[PDB]
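The next block holds one structure in the form of structure tokens; read it before the comments.
Counting convention: from 1, in listed order, for ligands and their atoms alike. Naming: A, B, ... by sequence-line order, numbering from 1 per chain. The analysis underlying the following values was restricted to heavy atoms, covering all of them including side chains, and did not include hydrogens, waters or symmetry mates.
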2 protein chains.
Amino acid sequence: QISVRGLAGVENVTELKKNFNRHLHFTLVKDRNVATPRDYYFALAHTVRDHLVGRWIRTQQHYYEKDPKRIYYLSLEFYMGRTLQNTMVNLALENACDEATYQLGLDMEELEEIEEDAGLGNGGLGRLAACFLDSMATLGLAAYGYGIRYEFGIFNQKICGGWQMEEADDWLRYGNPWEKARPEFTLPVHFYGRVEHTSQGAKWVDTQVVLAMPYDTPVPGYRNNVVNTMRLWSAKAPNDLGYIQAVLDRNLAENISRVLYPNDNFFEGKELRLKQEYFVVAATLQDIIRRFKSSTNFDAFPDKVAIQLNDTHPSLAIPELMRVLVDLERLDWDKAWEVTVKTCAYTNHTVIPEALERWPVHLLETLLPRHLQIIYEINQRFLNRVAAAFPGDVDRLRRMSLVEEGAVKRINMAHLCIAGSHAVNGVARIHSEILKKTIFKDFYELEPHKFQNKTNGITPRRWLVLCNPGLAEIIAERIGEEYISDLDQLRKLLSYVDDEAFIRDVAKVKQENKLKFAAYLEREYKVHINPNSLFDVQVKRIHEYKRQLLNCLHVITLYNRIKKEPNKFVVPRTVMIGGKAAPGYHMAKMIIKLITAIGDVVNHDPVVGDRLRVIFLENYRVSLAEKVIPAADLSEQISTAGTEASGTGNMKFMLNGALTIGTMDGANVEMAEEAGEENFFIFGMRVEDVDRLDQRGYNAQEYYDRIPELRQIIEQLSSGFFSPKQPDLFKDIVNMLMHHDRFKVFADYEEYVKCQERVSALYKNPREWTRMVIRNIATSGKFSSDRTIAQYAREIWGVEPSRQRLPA
Amino acid sequence: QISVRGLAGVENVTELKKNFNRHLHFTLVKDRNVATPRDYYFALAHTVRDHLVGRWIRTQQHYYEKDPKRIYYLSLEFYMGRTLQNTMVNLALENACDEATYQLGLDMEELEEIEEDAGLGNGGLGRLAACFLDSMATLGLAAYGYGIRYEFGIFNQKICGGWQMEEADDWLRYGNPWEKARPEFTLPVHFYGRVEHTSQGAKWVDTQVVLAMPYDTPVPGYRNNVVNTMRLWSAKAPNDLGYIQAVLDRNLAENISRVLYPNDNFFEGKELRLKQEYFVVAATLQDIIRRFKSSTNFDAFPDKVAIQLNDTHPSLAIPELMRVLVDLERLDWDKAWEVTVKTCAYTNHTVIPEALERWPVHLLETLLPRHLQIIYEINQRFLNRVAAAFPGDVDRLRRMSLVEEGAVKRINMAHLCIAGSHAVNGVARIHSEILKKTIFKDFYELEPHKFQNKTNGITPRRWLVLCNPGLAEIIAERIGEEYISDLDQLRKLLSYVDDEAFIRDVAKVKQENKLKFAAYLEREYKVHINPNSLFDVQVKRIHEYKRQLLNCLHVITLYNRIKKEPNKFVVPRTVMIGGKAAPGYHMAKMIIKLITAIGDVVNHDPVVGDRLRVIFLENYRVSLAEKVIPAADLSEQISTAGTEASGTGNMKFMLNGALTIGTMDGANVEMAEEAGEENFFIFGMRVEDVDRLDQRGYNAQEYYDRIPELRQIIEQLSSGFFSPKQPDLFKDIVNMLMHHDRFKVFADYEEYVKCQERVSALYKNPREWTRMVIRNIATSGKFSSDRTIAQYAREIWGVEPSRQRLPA
Ligand SMILES: OC[C@H]1O[C@H](O[C@H]2[C@H](O)[C@@H](O)[C@@H](O[C@H]3[C@H](O)[C@@H](O)[C@@H](O[C@H]4[C@H](O)[C@@H](O)[C@@H](O[C@H]5[C@H](O)[C@@H](O)[C@@H](O)O[C@@H]5CO)O[C@@H]4CO)O[C@@H]3CO)O[C@@H]2CO)[C@H](O)[C@@H](O)[C@@H]1O
Ligand SMILES: OC[C@H]1O[C@H](O[C@H]2[C@H](O)[C@@H](O)[C@@H](O[C@H]3[C@H](O)[C@@H](O)[C@@H](O[C@H]4[C@H](O)[C@@H](O)[C@@H](O[C@H]5[C@H](O)[C@@H](O)[C@@H](O)O[C@@H]5CO)O[C@@H]4CO)O[C@@H]3CO)O[C@@H]2CO)[C@H](O)[C@@H](O)[C@@H]1O
Ligand SMILES: *Cc1c(COP(=O)(O)O)cnc(C)c1O
Ligand SMILES: *Cc1c(COP(=O)(O)O)cnc(C)c1O
């Protein structure tokens, strides 16, 4: 139907229908009289999967022939979402399948909604891994994604009485047609035991063994016939144990890959989590060595292998590589260390202290005896280096140590990663600068060459073509289809900023997206929004640093002003906030309840009418993001300056036609820099302002006494205006805002409200609002993960990206 | 190659090769350069499975159209074994696939050995369920096998230092291509809770819920295009639960279908086992009712439904049916009871007291509150009936009660089954008689019409055509192929008893089978047997009543006689004993060690040479039975008269050309009756003799004092002749034989040894031994499970069997 969805040839459609019926019959063992939409979704999925296998097999064969340098991306999270439509898009099969299903009397869009999201991630960090795999395949890199196949991903969020309830995400219930179990490649992982020191070196013995079974999922590049692999490990117990209990206790070993820890930017030192981290690391490294030996001196190891650590979660890769090289291969320490540093690279994702991994020594000592010895040895040699470079600087030695002293000794995994990696990067310019100015300043001074920046990005395939066909289409009509795999070309759209036709089309697509979402909202949630109002949306994990609370304050302010002057005109808005809170993050759960509570007052106030609506989007996940983002007008990125390392949701909104209101934080800075500050709604303290406020001391009371509108809001919360039956329900919120606000919500309130008035003024002028929108879209090319990946490839991994098509 | 394996048409072979390559590519995602035998086995399996689906779908459709009476076989065990070859046989695809694989350069027999046995059974009872499903499909009955999909079947037995070691049977590791998960038909099962009595009747509330997910496996009839279904339930936890632990505790609910209790003819009142029994029953009945309502008065229920209980394991079906009819459908008690009795039938499998299920009331009270109330109510009305028929007979009331009084009240599940069933049958004439003369005498006097006999049988497909192609072939050359689905025809072979050619062929096939097994024994076990010796084999679960110990005594006697007169001629023998012992059956584990210990002395004694060898066949299972049975000369069926209800292994040996030495027990009686006593080696006490011995009192000492050869053997065991480093290792064995032998091993020793001398005398005359063999094979037709099933169908279920071919 639309150009970018590919061609629908008669032979292709005919063959697709044939294979669809074959799978429904032979694979699902069903007939058209008993089949359900679910059965139809699976028949189509297996049909599309088939077109993938041929390419998957020759791609891997190609890598065996050419034997290029291999990139290994280690992450405990891969927030994939659905893969049916994405596969059709990358294979140019969308229109053919749409026609083929149409002729079979089926609605393809209805079938796509049946697929379960592969929610093996928490948010930012995990989605980045997903976008990265896509870009790596699209750039012809011999890359492999390695992780854990959690049988339960991020929990499904339900709202009961305004509160969040967690439900197990049993995403494998009906099966996963995309993965291929490879039980023949199972590997053993060791735990516990003890260390014996012989004349032949150290030996790790009397260990408990857990098997790692791999499941491979194909990762298709964009129309280049390249299909890479994402290998996920599953835990299995050895078969060799009264008898019944021994068999039942197998679950203890298999619990390792049972569930994803639902923590976003927060560390929890639990033993099960440490086992998961070592489990993925140990199995992946054996696989890497095995594949390498099929290519015995490891001097060439770094020339054939690149290991990228997504945060510190897979940090044990460093001492595990040393263990294998030293203990098993028998290389001398110094040589093994050279190899390790040259193959490992580390990416930091946050600077907040509570997110930093610091494992108690007594834990590593019991679970991984040998690794702790190796870490201590790495530390000694590292401090000897620090001592020799900064003679007499004793405090520097204690600050840089990988071992933190105190009541309980801990291992700072971030320090371990810096020491054992040849490259350390932040995820946005301002974040990377902050890393060498503060948190890792001592390390930067010792080895300035290791620090780099690699600004995050998102894939234009899933985040434009797949979720916003209408926009991709009207862009293609004017500049072609080349931008899809080279986003910088969108810059050519700057020529149509005055084109009356384009302006009308951009505005038309947005309205259609809003209508479609307003409908979806009513269908699956029986809510009630006005498609003409401004869609003000803030979707991301619930966090105090992300400041959904600042957003709440604005909402209440709008409401109080309306009640103040009921018959005054105000731009209509539909404020949508969505996101999950970690199960044990009390404050985050309280913020969700506040949001729904505000909605209960505002949405049922007759005087407000349909001028203001506050909706809480439940179970925010990748598939939901693909729906709400294209329909948004205003993107809320209001974290306190210096806290959001980069952000990626911000980029998604920019690419889909929404204007951005936000602080100079993370990538917001580079976005505004790319679009021009006049085309962004920047407000609030800059990083320097937050620093001055801390030096002096943050006194929330001051803002409370000087801003009557703010005072009124706080008093309403305290008196129980938003919780009649529970007058003090929100006392924790008020107390935190007034006395223990680490994120200075009040400090940015005034400027935020003023800035919000200016976006309202611009929305009243449809033509000008849309022209500013065109200006944002036209300059968002830099935030394509293809650019990001090409920089990692050239500046860290030492490989050259390719657009060369692979033989079909 | 051989006639009975079907035709190998050019088009069929061509199509098979094509589909084989398609599955290797698209399904296994492999290429001929990386594929392993395992991959090849799977490619072939999926290819054969395909030919099954078309028939599977129309068969079920056919039943929907015709709506015939449905047979539901409830069993907690289905000892299936491998299904690849059996499927080819029933579909006449064996030769085509053999050729197709040959042309692809593969050995089909090698690929078949890769398939894992579906060992979801313990022995007799479970294999009977498997043979039954096969016969029911072959006789065109609308039958469904219902059970539990254990993820761990009967343990794999390994021998270490002569001792049995149990290893988890992870049969699903590489996947099961035969099953089809049907998560869309998941059903809820309730546990615990309490009972509320309202004005609207009883209500079972506050229950814990466990989901039952079904997996369907196709069951093809023999060349009739009928494919029935075996539905196995798997336990799954509901999704609605700190957070992590709640997700991990899901394993508690899913443990229900984790493993098969490895007990053969022995009861263990564990809670997990009771949950398994209710789990299979509750899910199956909802499925039965649901399917019935798609055919509201239940007066016609018994006309459309037959429920067969394989032993008392699924006995809760009776009170569960009452619960649903009374509590949910609201039928009056009396009406519901009439329906229940008319749809349920019970099959008893043993008379040994330790095997009888007697569940403690406090257990049923906690786990199934409502069912216990229903059982009490069933009991009261039943005893009122007994009281009215036998006025004043108070002791009769206590004996017939379903509730056993004492320190701990228990529910006799066998009494529950008799009361709620319209038919109760034994599994062999002598067993069924024993049921009404002793154990169920009171019940037989109250309702003589309920008692019947249904002598067990085995399927001639798996137990002749599949495991002994050579014999089936030479039989077919002379009388055609019709006998395969009508075993009585083998009786026509009696005409060739004097045919010199036939005699030579029968003897040739046996020798080839022995050579092939002697080879297999050396390949996978590096053992060392002489193909010319007599193959004396006893394979079955290890039990004191089966008397492997009596066999051991003969072995030692042969050995002692050889040492006595070294240069005397004796017919060479290879004594093979195999079978698993339940993990907690100490005595059974001791018997295995004795057997291997005897082998250590006998097999390494230079004077004996290759005149006597004692081998312990480890990990005896269905696939192993298919190999050793065809190669046997002598079948050992020596249980103490009155203990082996029927036996089925005995039948397998008779059909495959082995002569039988055994007691007048179980089906041995009917076999000897069919072949003629002169063609059987019967010895020992009859049931009447065991009774007289008990009245008088069994004194093992008497036999010890009167039989010097027996005394010598006992003294060797005591002094440590078979355990030098552990002189008293077998003190438990000796003590049991001498003072607490419930099975009177010594009482049959003398006659057993004498009878064994006569089989040796006959083996010295090849021609006559073979003629007696032909006489056994020719009269084994009665023991076909097709005959058994036709009798159940006509005398219990009320349906007529069919040989009508179904449209291809
Ligand atoms: O096998 C070679 C090696 O073995 C032996 O050394 C090992 C140690 O026995 C073992 O304990 C481990 O040493 C760790 C140490 O346990 C751990 O606490 C850490 O120590 C650091 C501090 O973390 C760091 O702060 C700094 O300490 C300062 C302190 O901060 C300051 O306030 C004040 O207290 O002075 C302290 C020292 O001046 O430095 C120490 C270490 O200098 O890290 C240690 C090393 O990682 O591992 C050792 C080697 O593996 C033998 O004893 C040794 O001879 C052999 O060379
Ligand atoms: O709702 C209708 C019904 O409810 C109530 O009756 C119920 C009982 O309250 C309840 O306990 C249960 O009764 C069971 C009984 O608990 C259980 O022990 C069993 O009793 C049998 C013995 O098993 C049997 O041996 C025999 O007992 C002899 C005994 O052997 C002999 O040695 C000597 O002791 O005398 C005894 C009696 O003469 O018979 C008893 C019963 O006669 O089975 C009972 C019934 O299954 O369930 C009852 C009904 O569900 C009300 O009390 C009653 O009025 C209502 O009709
Ligand atoms: C892109 C995305 C995120 C990251 O959003 P931020 O606003 O950077 O935190 C989180 N969750 C989902 C489902 C996403 O698609
Ligand atoms: C047939 C069979 C049995 C039953 O044998 P009996 O001698 O009757 O106990 C047990 N196990 C297997 C594997 C069988 O094939």
Side-chain angles (χ1 to χ4, degrees), chain A residues 197 202 333 361 372-384 386-387 394-406 409-412 415, chain B residues 79-81 117 119 121-128 130-131 154 197 202 264-265 333 361 372-384 386-387 394-406 409-412 415 427 456 458-459 462-463 467 537-543 545-546 578-580 619-626 628-629 635-639 644-653 662 666-668:
Chain A
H197 283 287
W333 187 277
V361 166
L372 181 63
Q373 298 187 333
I374 290 172
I375 292 175
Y376 278 149
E377 187 66 14
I378 287 172
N379 192 53
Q380 196 57 68
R381 293 163 176 268
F382 182 66
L383 292 183
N384 283 169
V386 175
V394 296
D395 196 67
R396 193 186 206 81
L397 296 178
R398 86 165 192 66
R399 298 198 305 267
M400 298 184 80
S401 186
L402 309 197
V403 185
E404 290 187 356
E405 308 299 340
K409 277 194 179 186
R410 293 167 183 287
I411 299 297
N412 185 307
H415 291 180
Chain B
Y79 215 165
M80 306 300 280
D117 274 42
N122 275 288
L125 173 159
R127 212 314 124 179
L128 187 76
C131 284
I154 183 65
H197 283 287
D264 185 76
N265 286 300
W333 187 277
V361 166
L372 181 63
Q373 298 187 333
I374 290 172
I375 292 175
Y376 278 149
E377 187 66 14
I378 287 172
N379 192 53
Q380 196 57 68
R381 293 163 176 268
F382 182 66
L383 292 183
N384 283 169
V386 175
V394 296
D395 196 67
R396 193 186 206 81
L397 296 178
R398 86 165 192 66
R399 298 198 305 267
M400 298 184 80
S401 186
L402 309 197
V403 185
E404 290 187 356
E405 308 299 340
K409 277 194 179 186
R410 293 167 183 287
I411 299 297
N412 185 307
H415 291 180
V427 289
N456 279 173
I458 57 176
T459 179
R462 179 178 296 275
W463 302 109
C467 66
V537 51
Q538 183 178 203
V539 291
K540 56 188 65 249
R541 287 296 294 268
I542 306 302
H543 257 293
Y545 88 82
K546 287 171 184 295
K580 293 171 179 177
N619 203 33
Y620 177 65
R621 52 187 189 296
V622 179
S623 67
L624 187 55
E626 295 169 357
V628 66
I629 295 180
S635 177
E636 301 268 0
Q637 309 297 324
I638 60 183
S639 55
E644 188 72 271
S646 164
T648 45
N650 50 179
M651 293 165 195
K652 300 171 196 173
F653 285 96
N668 291 356

Identify, by atom number and element, the atoms of ligand 4 in contact range of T648(B), meaning under 4.0 Å from any of its heavy atoms. 1 (C), 4 (C), 8 (O)
Tightest non-hydrogen contact, residues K546(B) and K540(B), listed as CD-CD, 3.6 Å
Just by modelled atom types, is the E377(A) backbone N or O under 3.5 Å from a matching donor or acceptor in the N379(A) side chain? no
Regarding ligand 4, does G647(B) bring an N or O atom to under 3.5 Å of one of the ligand's N or O atoms? no
Residue pair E404(B) / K409(B), side-chain heavy-atom distance below 4.5 Å: no
Ligand-side contact atoms (ligand 4) for residue partner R621(B), heavy atom cut-off under 4.0 Å: 13 (C)
Which residue and heavy atom of the protein sit nearest atom 12 (C) of ligand 4, plus the separation: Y620(B) CE2, 3.7 Å
Candidate with minimal heavy-atom separation from atom 3 (C) of ligand 4, of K540(B), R127(B), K652(B): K652(B)
Please name the pair of heavy atoms, one in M400(A) and one in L383(A), separated by the smallest distance, quoted to 0.1 Å. C-CD2, 4.3 Å
At under 4.0 Å between heavy atoms, is it the side chain or the backbone of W463(B) that contacts ligand 4, or both, or neither? side chain
Given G123(B), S646(B), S635(B), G666(B), which has its nearest heavy atom closest to atom 10 (C) of ligand 4? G123(B)
Where ligand 4 meets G649(B) - atom numbers and elements under 4.0 angstrom, heavy-atom basis: 5 (O), 6 (P), 7 (O), 8 (O)
State, to 0.1 Å, how close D395(A) and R399(A) come at their nearest heavy-atom pair, and which atoms those are. OD2-NH1, 2.8 Å
Report yes if some N/O of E644(B) lies less than 3.5 Å from some N/O of ligand 4; otherwise report no. no
Look only at the side chain of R127(B) and the backbone of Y79(B), and say whether a donor-acceptor pair between them is shorter than 3.5 Å. yes
Return the minimal non-hydrogen interatomic distance between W333(B) and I378(B), and the atom names on each side. CZ2-CG1, 3.9 Å
Where is the tightest heavy-atom contact between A645(B) and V427(B), given as atom of each residue plus distance? CB-CG2, 3.6 Å
Atom indices of ligand 4, in the order listed, that fall short of 4.0 Å to a heavy atom of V622(B): 13 (C)
Show me, by chain and number, every protein residue that has a heavy-atom distance under 4.0 Å to ligand 2. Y376(B), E377(B), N379(B), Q380(B), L383(B), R398(B), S401(B), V403(B), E405(B), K409(B)
Looking only at non-hydrogen atoms, which of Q637(B), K580(B), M651(B), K546(B) approaches atom 9 (O) of ligand 4 most closely? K546(B)
Of all heavy-atom pairs linking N650(B) and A667(B), the shortest is OD1-CB, 3.8 Å
